[PDB]
Amino acid sequence: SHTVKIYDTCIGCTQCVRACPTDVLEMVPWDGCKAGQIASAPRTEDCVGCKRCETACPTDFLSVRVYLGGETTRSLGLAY
Amino acid sequence: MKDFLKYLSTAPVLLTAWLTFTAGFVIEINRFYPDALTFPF
Amino acid sequence: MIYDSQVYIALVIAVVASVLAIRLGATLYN
Amino acid sequence: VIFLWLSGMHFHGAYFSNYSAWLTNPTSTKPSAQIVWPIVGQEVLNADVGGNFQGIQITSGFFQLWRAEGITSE
Amino acid sequence: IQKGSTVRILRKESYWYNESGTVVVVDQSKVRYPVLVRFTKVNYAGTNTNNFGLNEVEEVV
Amino acid sequence: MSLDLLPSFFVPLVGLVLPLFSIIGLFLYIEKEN
Amino acid sequence: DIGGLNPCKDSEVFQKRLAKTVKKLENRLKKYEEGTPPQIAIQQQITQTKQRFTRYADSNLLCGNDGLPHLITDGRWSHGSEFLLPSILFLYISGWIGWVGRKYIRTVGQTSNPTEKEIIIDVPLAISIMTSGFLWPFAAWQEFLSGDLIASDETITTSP
Amino acid sequence: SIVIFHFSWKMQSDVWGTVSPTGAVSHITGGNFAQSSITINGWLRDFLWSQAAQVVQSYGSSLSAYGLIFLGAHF
Amino acid sequence: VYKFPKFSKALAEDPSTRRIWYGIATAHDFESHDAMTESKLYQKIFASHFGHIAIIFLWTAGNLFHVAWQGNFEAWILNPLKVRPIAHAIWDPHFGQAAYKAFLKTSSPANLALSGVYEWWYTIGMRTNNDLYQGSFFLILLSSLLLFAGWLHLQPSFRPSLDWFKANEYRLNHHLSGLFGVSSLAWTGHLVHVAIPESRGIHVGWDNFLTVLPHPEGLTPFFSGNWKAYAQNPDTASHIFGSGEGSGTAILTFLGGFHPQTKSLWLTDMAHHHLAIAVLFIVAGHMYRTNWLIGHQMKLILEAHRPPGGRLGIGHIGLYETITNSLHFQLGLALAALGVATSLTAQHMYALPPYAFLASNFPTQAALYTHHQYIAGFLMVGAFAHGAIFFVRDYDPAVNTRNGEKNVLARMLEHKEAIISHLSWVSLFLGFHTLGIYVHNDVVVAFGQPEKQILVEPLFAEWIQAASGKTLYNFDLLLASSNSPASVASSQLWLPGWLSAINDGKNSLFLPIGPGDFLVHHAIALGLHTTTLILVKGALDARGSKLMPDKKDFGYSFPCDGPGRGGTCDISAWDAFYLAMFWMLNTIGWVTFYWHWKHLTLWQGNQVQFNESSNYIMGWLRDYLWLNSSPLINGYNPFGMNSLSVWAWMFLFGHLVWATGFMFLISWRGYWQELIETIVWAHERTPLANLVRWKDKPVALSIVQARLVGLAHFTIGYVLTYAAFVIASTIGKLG
Ligand code: CLA
Ligand code: CLA
Ligand code: CLA
Ligand code: CLA
Ligand code: CLA
Ligand SMILES: CC1=C(/C=C/C(C)=C/C=C/C(C)=C/C=C/C=C(C)/C=C/C=C(C)/C=C/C2=C(C)CCCC2(C)C)C(C)(C)CCC1
Ligand code: SF4
C-alpha cells in the first residue's frame, strides 16, 4: 500500500479530503492553523496513488504527500 | 481606431509584420546583390 | 583438426566448470 | 476561405499557367500553373513543362477539370 | 513585519525562495505559519500566495 | 561417432530441451507460495 | 597555400564547373524560341552564373580539389571577409536585438501590468527602445560597470 | 500510408505504362508487384529503395524542391 | 505468487504480473533488498565479480574452441589476404538447400569471423588449431578457478569485512603495481619469448621455451646494462611475417609506423611499449601507504588540496569518506574511465592497426570500430547514471560541508543552474549552426549551384596533423619541418618509421580531412554536448528542483509526481538517463556513419565522393545509405539469395524491433490497462477456458517499465540494423 503523510503546513482547506476518490483522507481537529483542522490519512490501505489529493493542495510545496510503495489489488485499482 | 490600433499592437500581428519586413529586406538585399559568399569589402 | 579425445575432455572439463557455476549460483542464494 | 482558395486557383490558371498550350497538346504538355520568382537560385524549380512555359508541374488536375467544364480560354 | 511589508522567503522548498513578497497579514494567534505573503509570480500550481513562519521570512530594508 | 555429428546432437538438445526444462523450473519457482 | 588549398582564379576544376554549368544552361536555352520570356530567364541565369563565378575567382577565395570555395576561419585577417567581418556584423545585430529585448522587458517590468504589455506590445515604447540599440556595446559596458547588468542573490535556487 | 503505398506500387506495376503499336504492354516497373510485394524485404527494396531513386537524385534538377521537402519532412 | 522476489517482500505480496517483471529488474539492486547490510552487500558484489570474470573467460574459451574446431585458422595462416576467417559452423534445421549452398564454407555452412580474433591470435604467435585448443582448455581452467574463488569468499571464515573492502591504499598499490605493471611485464615476456620468434619462423611452445633464447646474448645485456643490444638488428623492410626471411634478432626497438608487409605495428615496438608500461606502473604502485610506514594517506592528500586564495571552497576535504562509503561514485568513475578507454581503443585500432593483416580486413575493421564506439557510449551513459544514483542515495551534504562552506563536490550543486544553462547554450549554438550550414549546403546544391556552399577548412585539426609530420597541408610546423627541434630530437629514433606511415595515402593514420570532416566533427560535438547536458541535468537535479524540491525522497527511479503543478512527466533522474540514451545512440550513430563512410570511400578509392557529398545532408542520405544499402537488401530476392541473406533478415528485424520500441514509447499506460481489463472479462466469461485461470492478475506494464522496454527495443533494433548494414555493405561493396 502507498504511504500518505500530512505536514504541519496544512491550512485545513479540506480540498484534499473532498478530492480523494477512495476515501483515504479525513479532516481531524487541530490547533496549528486558523481553521483548527488538519488532514489525516487513516485509510491508506485504500490509497490508489492517483495523487488527486495533492493536486488540490494550495500550500506552497504541498501539505499532503503520497509516496508510492508496495502494490495491492486495492492500490492497483483492479476490478478483477 | 483606438482598439484596432491596440489589436495591431498584439504579439501575433506585430511578429507577423516584423518577420514579413525582415524577410522582405533580406530577400531584396539578396536580389540586388545576389550570390554573396563573403563580405563585400 | 582436433581429435575426439580433445573435444571430449574439453566437454568433460566444461561440465566440471558447470558444477562449480551452480555451486556459486546456489551460494549466492535463491 | 474556400471561395478565396478557388479564386486563387482560377487566377493562377488564368495568369501564371500554360493552360492554352496544354489545350492544344494535352498528351505532350505537362500542366503547370505556378511560376517561381528568380531569387536565391530558386528559378531552377521552373521546370520544362512544355508549351513554351516554365513553372511547377501541377498535380491537382485543374487543367483536366477546366477542359471538362468547356473552359477553352484564360 | 506587518501588513504591506516586503520580506524575502527563506523556505528552501518554496517556489518563491530567495524572492521578495508582500505580507498580507501576520496572524497574532498561536498558529504555526502566521505570515501570509502575496507574490507577483504564480507558482507551478497557479497560486500566488502562501503562509510562512516567522523564521522563514526576512524583511527587506 | 564423428565430430561432425556433434552439431546435430547438441543444437536441438540445447536450443529446444534446455528452454523446456528451464521454463518448467522458472515457472514452478515464480509460481511458488509460502 | 593555406591548408594545401589554391586560389580559385588558378583552379582548373573551378573553370570546369563554370563551363559545365553554362553548357547545361545553354542546352536548356536551346529548346525555347526567340526572345520569349523563358529564353530571357535562362539568359539571365547564364549571366548571373558567370558573374558569380567571376566574383568568386577575384575574391581571395581558396579552392580545394573539388573546385569549390573553402573558408579560412582560423582568424587571419587576410581571409577576414569570409568569417571575421560577417562575425562582427552578426554580433552587432544580435547584440542590438538582445539589448532592445532586455530593455523592453526591464522597462515594462516596472508597470502595473507587466504581463499585459508582453502580449500587447507598447509600440511607442517599443519603437523608442529599438532605435536605441545602436549603442548596445556602449550601453552594455556602462551598465555592467554600474552593477545594473547582473543580479546577485535575489535569483531563485532549487532545494539542493 | 499502407493504402497509398499499395495503390502506387500496384498501379505503377500492373496498370500504368505504355502500349506498343502491336499491342504489347510495358509497365512503369515491370510487374514486380506480383512476386516481390509479398515480403517486407520486397517492399523495402523493390518499392521504397527502388522508387526513392528519383527523389535522392533530384538535386540540381527542377525536382530538387521535392528532395529538399523529403529531407525536411524526415527532419 | 510468492517466493520469487526473495529479496523483496513488498514485491512478493503483489497479486499482479508486475511482481514477476519487477523481480527481474531489481535482482541486482542489492542495496534495496530486504534485510540488507553493508557487509553482505560488499561480499555479494565480490562473489558476483568472480562469477562475471568466470563468464568472460568462458566466453573467450568458447571463441577459441570454435575457431580451433570449425574455423579455418591453419589455412588462413598460409594466405591471410585471400582466405576469409570462419567464426563457427552452422546447423539450422530451417535452412533450404539454397541457404546451405550459399553459407557453405569448406565442409559445412559457417559464419565469417568479424571479431578479428584470427589476426589477434596470429600476431601473438598462434599457428596451429592445437594452440587454440590449449588456450580454450586453460581458460576453462581459469573460469573454474574464479568460480571456486567466488564460492569460497561467501564461506563463513573467508568472507571479507568492510575494512578490507574499503582499504583504498592496499587495493590501489596492488591493482596498479601487480595488475597493470606485472601483467604488462608478463605480456612483454610472452611477446618476446613466443611472439617475436614465431613472427620470425622459430616456434617457441610449452616445450622448447626453457632452452630457446629470446635474444642471442640471453639476459647478459640486461644485467650488464648494455640495453642497446636488445635493439640491434631489427626486422628489415623485406621481412615476411611468420617466416625467417628478412628477419632480425632485436626484441625491444623504436621503429614507429607499421610493418611493411602486415601494415601493422612492429612486434618489437609493442614489446618495448609493454615493458615501459610495466616499469612505470610497478613504480607507481608504491605510492600509497601500507604496513611499512612509507607511502601516502589519500585522506591527507585530498584534505590538503585547497587553493589558498579560495575558489574551490574548502577543497577536497570530504571527498575521501564520500567516495569510500559510496559504491555508485566509484562505479561512475570506473564507467567513465572505461568509456574513455574504449573510445581510445576504437580511435587507435583503426589509425594504428596493431595486428597483422587486420588493415586489409575491412568488414572486421568496421565491425570493431562500431562495436567499441557503441560500448563507449553505453559506458559513458552508465557513468553519468551512476553519478545521478550517487546523488540520490549516497550523497551526504553534511560530509561535504565544513562550517557552512562547501567542498569541491557540494559546490557543483550551487552553480548547477549555471552549468545546465551553459550546457544548454552550447548545445543550442552547435545545433543551430551545424544544422544551418548543412541545410544551406542542401538548398544551395539542390538549386544546382554548389559553388555557393559554405565549406570551412578544418585548419585547427589540419594544424595538428602537420604537427605530427603530415606534409599535406603545407604548414611546415613541427614535424613537417626538418629543422624544428621536435624533428632533430627524434630524427634517429622513430621519425623515419612514423613519417613513412603518416605520409601514406593507403593508411588510416591521420586520414586527410576537409570541410565535410569539419561539419561532421561539429555534429559530433553537438551530440556529445547534448548527451552531457541531459545526463548532467539529471544528475544535478536528481536531489530536487523547483518542480519537485523533494525528489531525493522518491528515489532515483519513480514514474512521476502526478499531473499536478502543470504535469510532471519524466521528472525522475532515471528518466534523464532514459532520454539521454536516445541522444547517445544518435551521437554514436553519427560517429559510426562518419567513420564508415570515410573508410568506404578510402577503401573503394572514391575519396572525392565523400569530400564533395559529405557537406550536405542529401549527400549522406544518397551516397552512404541509399548507395551502400543495395548489396544488403539483395541478400535474398524473388530470384535467389546470398550469404548476405542473414544480414538482410537482421536489417528487417532491427527495423521491426525499433518500431515496437516506438509502440512502447508513444503509447503510454492507461490505454493498455483498460484493454487488458476487457481481455480479462473475455477470458472470465467464456466457456472451455474458464477452467484455466491466472495466478497473477494480468496488468499493464508500469510507466517506468514501459519506458525501459521501449528503450530496450529502440536500442536493440538500432544496434542490429546498423550492424547488419555496416557489415553487409562493406562485404558486398568491397568484394
Ligand atoms: C560462452 C561460450 C560459448 C558460446 C557462446 C558457444 C556457442 C555455441 N556453441 Mg559452444 N562450446 C563452448 C563455448 C561456447 N559455445 C565450449 C567452451 C565448448 C567446449 C566444451 C563448446 C563446445 C561445443 C560443441 C561440441 C558444440 C557447440 C555448439 C555451439 C553452437 C550451438 C549451441 C550449442 O549447442 O551449445 C552446446 C555447448 C556445449 C555443449 C558446451 C557448453 C558451452 C559453455 C561451456 C557454457 C557457457 C555458458 C555461458 C557462459 C552462460 C550460460 C548461460 C545459461 C545459464 C543460460 C553455438 C554457436 C554446437 C555447434 O557448433 O553447432 C553448430 C556443438 O555441437 N559448442
Ligand atoms: C535452437 C532452436 C530451434 C531448433 C533446433 C528448431 C528445430 C526445428 N524446427 Mg523450429 N523454431 C524455433 C527454434 C528451433 N527450432 C523457434 C524459436 C521458432 C519460432 C520463431 C520456431 C518455429 C518453427 C516452425 C514454424 C517450424 C519449425 C520446424 C522445425 C524443424 C525443422 C524442419 C524439419 O525438417 O524437421 C521436420 C520435423 C520432423 C520430421 C518432426 C520433428 C518433431 C519434433 C521436433 C521432434 C522432437 C522429438 C522429441 C524428442 C520427442 C519427445 C518424445 C515424445 C514422443 C513423447 C526442427 C525440428 C518446422 C517443423 O518441423 O515443425 C514441426 C516448422 O514448421 N520451427
Ligand atoms: C529578446 C530577449 C532575449 C534575450 C536578451 C535573451 C538572452 C539569453 N538567452 Mg534567451 N530566449 C528568448 C529571448 C531572449 N533571450 C526567447 C523569446 C526565447 C524563447 C524561444 C528564449 C529561449 C532561450 C533558451 C532556450 C536559452 C536562452 C539562452 C539565453 C542566454 C544565452 C544566449 C542564447 O542562447 O540565446 C538564445 C536565443 C534564442 C534561443 C532565440 C531567441 C528568439 C528571439 C530571437 C528573441 C525574441 C526577440 C523579441 C521578440 C524582441 C522583442 C523586443 C521588442 C518588443 C522591443 C541569454 C541570457 C540560453 C541560456 O540559458 O544560456 C545561458 C538557453 O539555453 N534563451
Ligand atoms: C597483485 C595483486 C592483485 C591482483 C592481480 C588483483 C586483481 C584483481 N582484483 Mg584485486 N585486490 C588486491 C590485490 C590484487 N587484485 C588486494 C590487496 C585487495 C584488497 C585491498 C583487492 C581487492 C579487490 C576487490 C574488492 C575486488 C578486486 C577485483 C579484482 C579483479 C578486477 C577485475 C579484473 O579482472 O580486471 C582485469 C583488469 C585488467 C587485466 C587490466 C585492465 C586494463 C585497463 C582497463 C587499461 C588501462 C590502460 C590505460 C590506463 C588506459 C587509459 C589511457 C591513458 C592514456 C590514460 C582483478 C582480477 C574485483 C573483482 O572482480 O573481484 C573478483 C573486486 O571486486 N580486488
Ligand atoms: C559494470 C557496470 C555496471 C554495473 C555494475 C551496474 C550495476 C547496477 N546498475 Mg547500472 N548501468 C550500466 C552499467 C552498470 N550497472 C550502464 C552501462 C548503464 C547505461 C545503459 C546503466 C544504467 C543503469 C540504470 C538506468 C539503472 C542502473 C541500475 C543498477 C543497479 C541495479 C541493476 C539492476 O537492477 O539490473 C536489472 C537488470 C535488468 C533489468 C536486465 C536488463 C537487460 C537489458 C534489457 C538487455 C537484455 C536484452 C538482450 C540484449 C537481448 C538481445 C535481443 C536479441 C533479439 C538480440 C546496479 C547497482 C538501476 C538502479 O536502481 O541503480 C541503483 C537503475 O535504475 N544502471
Ligand atoms: C555525474 C557525477 C559523476 C560522473 C561524472 C562523469 C561521468 C564525468 C565524466 C568525465 C570525463 C569523461 C572526463 C574526461 C576528461 C578528459 C580529459 C581531462 C582529457 C584530458 C586530455 C589531455 C589533458 C590531453 C593532453 C594532450 C594533448 C591534447 C596532446 C597529446 C599529449 C597531451 C597528453 C599533452 C561522479 C560519479 C564522478 C560523481 C557524481 C557526479
Ligand atoms: S492517492 Fe491521493 S487521492 Fe488517491 S487516495 Fe491516496 S490520497 Fe486520496
# chains A, B, ... in the order shown; residues from 1 in each chain; ligands from 1
call {"tool": "select_by_dssp", "arguments": {"residues": "region 456-492 of chain I", "states": "alpha helix (DSSP H)", "output": "list in words"}}
result
residues 459, 460, 461, 462, 463, 464, 465, 466, 467, 485, 486, 487, 488, 489 and 490 of chain I
call {"tool": "residues_near_ligand", "arguments": {"ligand": "ligand 5", "cutoff": "6 Å", "atoms": "only C-alpha atoms and all ligand atoms", "output": "CSV table (one decimal) with N, CA, C and O atoms, in the first residue's frame"}}
result
chain,number,residue,atom,x,y,z
I,25,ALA,N,14.0,-6.9,-12.8
I,25,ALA,CA,14.6,-5.7,-12.9
I,25,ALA,C,15.2,-5.1,-11.6
I,25,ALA,O,15.9,-4.1,-11.7
I,26,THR,N,15.0,-5.8,-10.5
I,26,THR,CA,15.5,-5.3,-9.2
I,26,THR,C,16.4,-6.4,-8.6
I,26,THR,O,16.8,-6.2,-7.4
I,27,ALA,N,16.8,-7.4,-9.3
I,27,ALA,CA,17.6,-8.5,-8.8
I,27,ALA,C,19.0,-8.1,-8.4
I,27,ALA,O,19.6,-8.6,-7.4
I,28,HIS,N,19.6,-7.2,-9.2
I,28,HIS,CA,20.9,-6.7,-9.0
I,28,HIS,C,21.1,-5.5,-8.2
I,28,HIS,O,22.2,-5.0,-7.9
I,29,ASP,N,20.0,-4.8,-7.8
I,29,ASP,CA,20.0,-3.6,-6.9
I,29,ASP,C,20.0,-4.1,-5.5
I,29,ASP,O,19.1,-4.1,-4.8
I,378,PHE,N,27.7,3.5,-24.3
I,378,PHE,CA,26.9,2.8,-23.2
I,378,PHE,C,27.6,3.0,-21.9
I,378,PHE,O,27.0,3.4,-20.8
I,379,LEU,N,29.0,2.9,-21.8
I,379,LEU,CA,29.7,3.1,-20.6
I,379,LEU,C,29.6,4.5,-20.1
I,379,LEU,O,29.5,4.8,-18.9
I,381,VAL,N,27.1,6.7,-20.6
I,381,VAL,CA,25.8,6.9,-20.1
I,381,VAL,C,25.7,6.2,-18.8
I,381,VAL,O,25.0,6.8,-17.8
I,382,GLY,N,26.3,5.0,-18.6
I,382,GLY,CA,26.2,4.4,-17.3
I,382,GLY,C,26.9,5.1,-16.2
I,382,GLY,O,26.5,5.2,-15.1
I,385,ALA,N,24.7,7.9,-15.2
I,385,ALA,CA,23.5,7.4,-14.5
I,385,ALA,C,23.9,7.0,-13.1
I,385,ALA,O,23.2,7.3,-12.1
I,389,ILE,N,22.7,8.4,-9.5
I,389,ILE,CA,22.3,7.5,-8.4
I,389,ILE,C,23.0,7.8,-7.1
I,389,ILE,O,22.4,7.8,-6.0
I,557,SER,N,14.6,6.2,-9.4
I,557,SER,CA,13.7,5.9,-10.4
I,557,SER,C,12.2,5.8,-9.8
I,557,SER,O,11.9,4.9,-9.0
I,574,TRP,N,16.1,8.9,-13.3
I,574,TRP,CA,16.1,7.7,-14.2
I,574,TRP,C,15.6,8.1,-15.6
I,574,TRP,O,16.1,7.7,-16.6
I,577,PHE,N,18.4,9.6,-17.7
I,577,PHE,CA,19.1,8.6,-18.3
I,577,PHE,C,18.4,8.0,-19.5
I,577,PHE,O,18.9,7.8,-20.6
I,712,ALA,N,14.7,-0.4,-24.6
I,712,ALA,CA,15.4,-1.6,-24.9
I,712,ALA,C,15.1,-2.0,-26.4
I,712,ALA,O,16.0,-2.4,-27.1
call {"tool": "residues_near_ligand", "arguments": {"ligand": "ligand 2", "cutoff": "12 Å", "atoms": "only C-alpha atoms and all ligand atoms", "output": "tab-separated table (two decimals) with C-alpha atoms, in the first residue's frame"}}
result
chain	number	residue	atom	x	y	z
F	7	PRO	CA	26.21	-30.08	-34.05
F	8	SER	CA	23.20	-32.24	-34.90
F	9	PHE	CA	23.39	-33.85	-31.45
F	10	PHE	CA	23.79	-30.62	-29.46
F	11	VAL	CA	21.94	-27.80	-31.26
F	12	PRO	CA	18.49	-29.46	-30.95
F	13	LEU	CA	19.37	-30.60	-27.43
F	14	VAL	CA	20.38	-27.15	-26.19
F	15	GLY	CA	18.05	-24.95	-28.22
F	16	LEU	CA	14.89	-26.95	-27.55
F	17	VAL	CA	15.31	-29.16	-24.48
F	18	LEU	CA	17.08	-26.54	-22.36
F	19	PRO	CA	14.28	-23.98	-22.97
F	20	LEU	CA	11.67	-26.58	-21.98
I	90	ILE	CA	26.08	-23.51	-38.71
I	91	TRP	CA	23.49	-26.22	-38.05
I	92	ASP	CA	19.99	-24.79	-38.54
I	93	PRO	CA	17.16	-27.18	-39.49
I	94	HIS	CA	15.22	-24.36	-41.18
I	95	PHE	CA	17.79	-23.99	-43.98
I	96	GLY	CA	16.79	-24.83	-47.50
I	97	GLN	CA	19.22	-26.33	-49.97
call {"tool": "residues_near_ligand", "arguments": {"ligand": "ligand 7", "cutoff": "6 Å", "atoms": "only C-alpha atoms and all ligand atoms", "output": "list in words"}}
result
residues 20, 21, 22, 24, 25, 47, 48, 49, 50, 51, 52 and 53 of chain A
call {"tool": "residues_near_ligand", "arguments": {"ligand": "ligand 3", "cutoff": "10 Å", "atoms": "only C-alpha atoms and all ligand atoms", "output": "mmCIF file with C-alpha atoms, in the first residue's frame"}}
result
data_model
loop_
_atom_site.group_PDB
_atom_site.id
_atom_site.type_symbol
_atom_site.label_atom_id
_atom_site.label_comp_id
_atom_site.auth_asym_id
_atom_site.auth_seq_id
_atom_site.Cartn_x
_atom_site.Cartn_y
_atom_site.Cartn_z
ATOM 1 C CA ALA B 11 2.063 39.910 -30.290
ATOM 2 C CA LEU B 14 3.416 42.635 -34.621
ATOM 3 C CA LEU B 15 5.519 39.488 -35.027
ATOM 4 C CA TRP B 18 8.183 42.378 -38.262
ATOM 5 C CA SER G 94 22.259 40.177 -32.438
ATOM 6 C CA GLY G 95 23.511 42.334 -29.577
ATOM 7 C CA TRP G 96 21.137 45.025 -30.819
ATOM 8 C CA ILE G 97 18.224 42.571 -30.757
ATOM 9 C CA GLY G 98 19.086 41.193 -27.327
ATOM 10 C CA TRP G 99 19.671 44.646 -25.863
ATOM 11 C CA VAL G 100 16.372 46.067 -27.089
ATOM 12 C CA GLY G 101 14.524 42.971 -25.879
ATOM 13 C CA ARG G 102 16.130 43.161 -22.440
ATOM 14 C CA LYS G 103 15.496 46.907 -22.192
ATOM 15 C CA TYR G 104 11.831 46.442 -23.105
ATOM 16 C CA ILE G 105 11.473 43.601 -20.591
ATOM 17 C CA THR G 107 11.046 48.799 -18.752
ATOM 18 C CA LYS G 117 2.478 44.619 -22.096
ATOM 19 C CA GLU G 118 4.143 41.414 -23.350
ATOM 20 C CA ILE G 119 1.283 40.058 -25.489
ATOM 21 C CA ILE G 120 0.124 43.577 -26.382
ATOM 22 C CA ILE G 121 3.337 45.466 -27.105
ATOM 23 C CA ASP G 122 3.575 49.159 -26.228
ATOM 24 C CA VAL G 123 4.504 50.096 -29.792
ATOM 25 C CA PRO G 124 5.572 53.675 -28.883
ATOM 26 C CA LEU G 125 7.894 52.432 -26.132
ATOM 27 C CA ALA G 126 8.982 49.502 -28.305
ATOM 28 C CA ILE G 127 9.975 51.856 -31.132
ATOM 29 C CA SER G 128 11.720 54.116 -28.617
ATOM 30 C CA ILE G 129 13.822 51.237 -27.279
ATOM 31 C CA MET G 130 14.502 49.514 -30.617
ATOM 32 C CA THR G 131 16.131 52.519 -32.304
ATOM 33 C CA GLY G 133 20.101 49.662 -29.663
ATOM 34 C CA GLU I 417 21.910 26.275 -12.853
ATOM 35 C CA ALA I 418 24.970 27.928 -14.398
ATOM 36 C CA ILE I 419 26.316 24.556 -15.560
ATOM 37 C CA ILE I 420 22.989 23.479 -17.057
ATOM 38 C CA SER I 421 22.363 26.872 -18.676
ATOM 39 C CA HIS I 422 25.777 26.900 -20.332
ATOM 40 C CA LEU I 423 25.449 23.292 -21.494
ATOM 41 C CA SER I 424 22.095 24.288 -22.994
ATOM 42 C CA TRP I 425 23.675 27.328 -24.655
ATOM 43 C CA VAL I 426 26.489 25.264 -26.180
ATOM 44 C CA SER I 427 24.039 22.618 -27.389
ATOM 45 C CA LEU I 428 21.740 25.218 -28.952
ATOM 46 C CA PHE I 429 24.693 27.069 -30.508
ATOM 47 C CA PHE I 432 21.542 25.805 -34.698
#
call {"tool": "interface_residues", "arguments": {"of": "chain I", "to": "chain D", "cutoff": "12 Å", "atoms": "only C-alpha atoms", "output": "number ranges by chain"}}
result
I: 440, 443-452
call {"tool": "write_last_selection", "arguments": {"atoms": "C-alpha atoms", "output": "short mmCIF file (atom, residue, chain, number, x, y, z; two decimals), in the first residue's frame"}}
result
data_model
loop_
_atom_site.label_atom_id
_atom_site.label_comp_id
_atom_site.auth_asym_id
_atom_site.auth_seq_id
_atom_site.Cartn_x
_atom_site.Cartn_y
_atom_site.Cartn_z
CA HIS I 440 22.38 25.86 -46.51
CA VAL I 443 19.45 24.06 -50.55
CA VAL I 444 22.38 25.55 -52.47
CA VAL I 445 23.43 22.23 -54.03
CA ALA I 446 19.82 21.31 -54.78
CA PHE I 447 19.36 24.56 -56.70
CA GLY I 448 22.26 23.46 -58.92
CA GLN I 449 24.86 25.97 -57.68
CA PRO I 450 27.29 24.01 -55.48
CA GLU I 451 29.85 26.84 -55.62
CA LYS I 452 27.77 28.83 -53.09
#
call {"tool": "atom_distance", "arguments": {"atom1": "CA of residue 61 (chain E)", "atom2": "CA of residue 19 (chain E)"}}
result
14.0 Å
call {"tool": "closest_residue", "arguments": {"among": "E:26, E:31, E:7, E:1", "to": "residue 8 (chain A)", "atoms": "only C-alpha atoms"}}
result
E:31
call {"tool": "residues_around", "arguments": {"residues": "residue 4 (chain C)", "least_positions_apart": "3", "cutoff": "10 Å", "atoms": "only C-alpha atoms", "output": "compact mmCIF listing (two decimals) with C-alpha atoms, in the first residue's frame"}}
result
# COMPACT_ATOMS: atom_id res chain seq x y z
CA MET C 1 41.77 -30.91 -36.99
CA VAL C 7 36.84 -32.36 -27.73
CA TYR C 8 35.57 -34.99 -25.28
CA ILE C 9 37.88 -33.98 -22.43
CA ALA C 10 37.15 -30.30 -23.09
CA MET F 1 30.56 -41.10 -33.78
CA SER F 2 32.40 -38.45 -35.78
CA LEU F 3 33.00 -34.87 -34.66
call {"tool": "closest_residue", "arguments": {"among": "E:25, E:51, E:59, E:16", "to": "chain I", "atoms": "only C-alpha atoms"}}
result
E:16
call {"tool": "residues_near_ligand", "arguments": {"ligand": "ligand 6", "cutoff": "6 Å", "atoms": "only C-alpha atoms and all ligand atoms", "output": "count of residues only"}}
result
10
call {"tool": "residues_around", "arguments": {"residues": "residue 12 (chain G)", "least_positions_apart": "4", "cutoff": "12 Å", "atoms": "only C-alpha atoms", "output": "list in words"}}
result
residues 6, 7, 8, 16, 17, 18, 19, 57, 63, 64, 65, 66, 67 and 68 of chain G
call {"tool": "write_last_selection", "arguments": {"atoms": "C-alpha atoms", "output": "PDB file, in the first residue's frame"}}
result
ATOM      1  CA  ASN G   6      44.900  27.072 -54.121  1.00  0.00           C
ATOM      2  CA  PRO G   7      43.288  30.315 -55.314  1.00  0.00           C
ATOM      3  CA  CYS G   8      40.123  29.775 -57.327  1.00  0.00           C
ATOM      4  CA  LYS G  16      35.401  23.272 -65.486  1.00  0.00           C
ATOM      5  CA  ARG G  17      32.465  23.703 -63.097  1.00  0.00           C
ATOM      6  CA  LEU G  18      31.668  27.097 -64.618  1.00  0.00           C
ATOM      7  CA  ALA G  19      31.861  25.711 -68.157  1.00  0.00           C
ATOM      8  CA  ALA G  57      37.514  33.985 -58.660  1.00  0.00           C
ATOM      9  CA  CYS G  63      39.506  26.379 -53.692  1.00  0.00           C
ATOM     10  CA  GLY G  64      40.151  22.735 -52.879  1.00  0.00           C
ATOM     11  CA  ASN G  65      40.480  19.762 -55.191  1.00  0.00           C
ATOM     12  CA  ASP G  66      36.721  19.902 -55.890  1.00  0.00           C
ATOM     13  CA  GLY G  67      36.758  23.447 -57.288  1.00  0.00           C
ATOM     14  CA  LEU G  68      34.618  24.967 -54.543  1.00  0.00           C
TER      15      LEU G  68
END
call {"tool": "atom_distance", "arguments": {"atom1": "atom 35 (O, counted along the ligand's line) of ligand 1", "atom2": "CA of residue 89 (chain I)"}}
result
11.7 Å
call {"tool": "residues_near_ligand", "arguments": {"ligand": "ligand 4", "cutoff": "7 Å", "atoms": "only C-alpha atoms and all ligand atoms", "output": "PyMOL selection string"}}
result
chain I and resi 45-47+49-50+53+164-165+167-168+170-171+174-175+177-180+183+338+341
call {"tool": "residues_around", "arguments": {"residues": "region 53-70 of chain D", "least_positions_apart": "6", "cutoff": "10 Å", "atoms": "only C-alpha atoms", "output": "PyMOL selection string"}}
result
(chain D and resi 9-10+13+16-23+26+29-37+43-47) or (chain G and resi 32+36-39+41) or (chain H and resi 62-63)
call {"tool": "closest_residue", "arguments": {"among": "G:46, G:151, G:140, G:25", "to": "chain H", "atoms": "only C-alpha atoms"}}
result
G:25
call {"tool": "select_by_dssp", "arguments": {"residues": "chain D", "states": "strand (DSSP E or B)", "output": "PDB file with C-alpha atoms, in the first residue's frame"}}
result
ATOM      1  CA  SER D  32       1.789  23.975 -64.837  1.00  0.00           C
ATOM      2  CA  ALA D  33       0.053  26.855 -63.064  1.00  0.00           C
ATOM      3  CA  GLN D  34       2.679  28.318 -60.696  1.00  0.00           C
ATOM      4  CA  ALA D  47      10.550  23.095 -64.991  1.00  0.00           C
ATOM      5  CA  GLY D  55       6.956  26.589 -63.927  1.00  0.00           C
ATOM      6  CA  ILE D  56       6.000  23.972 -61.374  1.00  0.00           C
ATOM      7  CA  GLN D  57       4.116  20.965 -62.713  1.00  0.00           C
TER       8      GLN D  57
END
call {"tool": "residues_around", "arguments": {"residues": "region 69-82 of chain G", "least_positions_apart": "4", "cutoff": "9 Å", "atoms": "only C-alpha atoms", "output": "ChimeraX atom specification"}}
result
/B:37-41 /G:2-3,5,7-8,14,56-57,60-64,86-87 /I:451-460,515
call {"tool": "atom_distance", "arguments": {"atom1": "CA of residue 272 (chain I)", "atom2": "CA of residue 227 (chain I)"}}
result
11.6 Å
